[PDB]
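Peer 1: Attaching a single structure in structure tokens format; questions to follow.
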Amino acid sequence: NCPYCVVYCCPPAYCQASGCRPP
């Protein structure tokens, strides 16, 4: 299950203030 952020994003990654970014 991926984290529910401003935009449907999945790992590998990290949800930060800017949003979902790559590894």
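Labeling convention for the structure tokens: chains A, B, ... as they appear, residues from 1 per chain, ligands from 1 in order of appearance.
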Run DSSP on the backbone and grab whatever in chain A lands in strand (DSSP E or B); send it over as a tab-separated table (two decimals) with C-alpha atoms, in the first residue's frame.
Peer 2:
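Result file selection_8.tsv:
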chain	number	residue	atom	x	y	z
A	14	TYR	CA	9.67	9.78	0.00
A	15	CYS	CA	6.75	12.13	0.60
A	20	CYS	CA	6.79	12.68	-3.88
A	21	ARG	CA	10.37	12.54	-5.15
Peer 1: Name all residues at most 12 Å from residue A:18 (count only C-alpha atoms; drop same-chain ones fewer than 4 positions away) and give them as a PyMOL selection string.
Peer 2: chain A and resi 5-7+14+22
Peer 1: Filtering to N, CA and C atoms, could you give me those residues as an mmCIF file, in the first residue's frame?
Peer 2:
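Wrote it out as out-v7.cif, contents follow:
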data_model
loop_
_atom_site.group_PDB
_atom_site.id
_atom_site.type_symbol
_atom_site.label_atom_id
_atom_site.label_comp_id
_atom_site.auth_asym_id
_atom_site.auth_seq_id
_atom_site.Cartn_x
_atom_site.Cartn_y
_atom_site.Cartn_z
ATOM 1 N N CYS A 5 -0.767 10.803 -0.698
ATOM 2 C CA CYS A 5 -0.237 12.161 -0.743
ATOM 3 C C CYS A 5 -0.993 13.006 -1.764
ATOM 4 N N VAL A 6 -0.555 14.249 -1.935
ATOM 5 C CA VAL A 6 -1.189 15.159 -2.883
ATOM 6 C C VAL A 6 -1.410 14.482 -4.230
ATOM 7 N N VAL A 7 -0.527 13.549 -4.571
ATOM 8 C CA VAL A 7 -0.626 12.825 -5.832
ATOM 9 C C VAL A 7 -0.280 11.353 -5.650
ATOM 10 N N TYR A 14 9.903 9.153 -1.297
ATOM 11 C CA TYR A 14 9.671 9.776 0.001
ATOM 12 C C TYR A 14 8.774 11.002 -0.137
ATOM 13 N N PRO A 22 11.823 11.019 -6.373
ATOM 14 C CA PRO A 22 12.484 9.749 -6.692
ATOM 15 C C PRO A 22 13.526 9.360 -5.650
#
